[PDB]
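Data first, discussion second: the structure below is written as structure tokens.
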Amino acid sequence: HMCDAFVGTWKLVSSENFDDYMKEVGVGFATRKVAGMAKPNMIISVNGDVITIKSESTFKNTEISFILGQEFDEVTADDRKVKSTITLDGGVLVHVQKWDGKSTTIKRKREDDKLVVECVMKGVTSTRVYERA
Ligand SMILES: Cc1ccc(O[C@@H](CCCCOc2ccc(Cl)cc2)C(=O)O)cc1
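Below you can see the structure in the form of structure tokens.
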């Protein structure tokens, strides 16, 4: 029942500062423009210990499955090859991606009827808000 309140189908309804986050990450111009336009559907499900998070959009359909605390290899939507570890900290899913001596952290939290996604790369934060689909 560890992630019950995350499970479901969610749709992006707002984004703030995502271009700057993507610049900080190293995303190039064309990908920033097209990916920044995307309005993804996030689908979260749990089966036993395995959590699956799908992101479906006009830009790319991606999917990760993982066990909390157990590192995995992830190809991101911008084609970074990263090592990822996702944990639960105080009811917040904390997703750290490592690559090329760099790190970014993505936090996902339930707040009221929303799922809030906070993306941090050094001093830059982007906040993306999802609501139930
Ligand atoms: C097509 C797409 C565009 C933006 C996305 O935002 C991520 C927020 C979490 C960031 C994950 O890693 C990145 C970093 C940069 C880009 Cl351009 C896409 C994903 C989200 O909303 O789940 C997802 C998908």
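In case it helps, the deposited numbering puts the sequence shown at residues -1 to 131.
The C-beta atom is built at its ideal place from N, Cα and C for all residues, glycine as well.
Proximity test, residue i beta-carbon vs ligand 1 heavy atom, cut-off 7 Å
i	result
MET0	no
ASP17	no
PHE57	yes
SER53	yes
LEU91	no
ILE42	no
Per DSSP, the bridge partner or partners of residue i
i	result
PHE70	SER82
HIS93	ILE84, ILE104
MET40	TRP8, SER53
Beta-carbon gap between residue i and residue j smaller than 8 Å
i	j	result
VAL118	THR125	no
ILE42	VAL5	yes
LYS107	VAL122	no
residue 210	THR7	Any answer about residue 210 is impossible in this case: the structure gives the chain only from -1 up to 131.
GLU54	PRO38	yes
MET0	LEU86	yes
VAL44	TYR128	no
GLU116	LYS100	no
Beta-carbon separation (whole angstroms), residue i vs residue j, contact threshold 8 Å
i	j	result
residue 193	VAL92	Because residue 193 is not part of the residues shown, which for the chain are -1 to 131, the question remains open.
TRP97	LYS112	Between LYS112 and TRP97 the Cβ distance is about 29 Å, and since that is not below 8 Å, they are no contact.
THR56	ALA75	Not confirmed; about 12 Å, so no contact.
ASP47	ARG30	About 35 Å; that fails the 8 Å criterion.
Run of the alpha helix (DSSP H) containing residue i, from where it starts to where it stops
i	result
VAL23	16 to 23
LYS31	27 to 35
Delimiting residues of the beta strand (DSSP E) encompassing residue i
i	result
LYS52	48 to 54
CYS117	112 to 119
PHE64	59 to 64
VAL127	122 to 130
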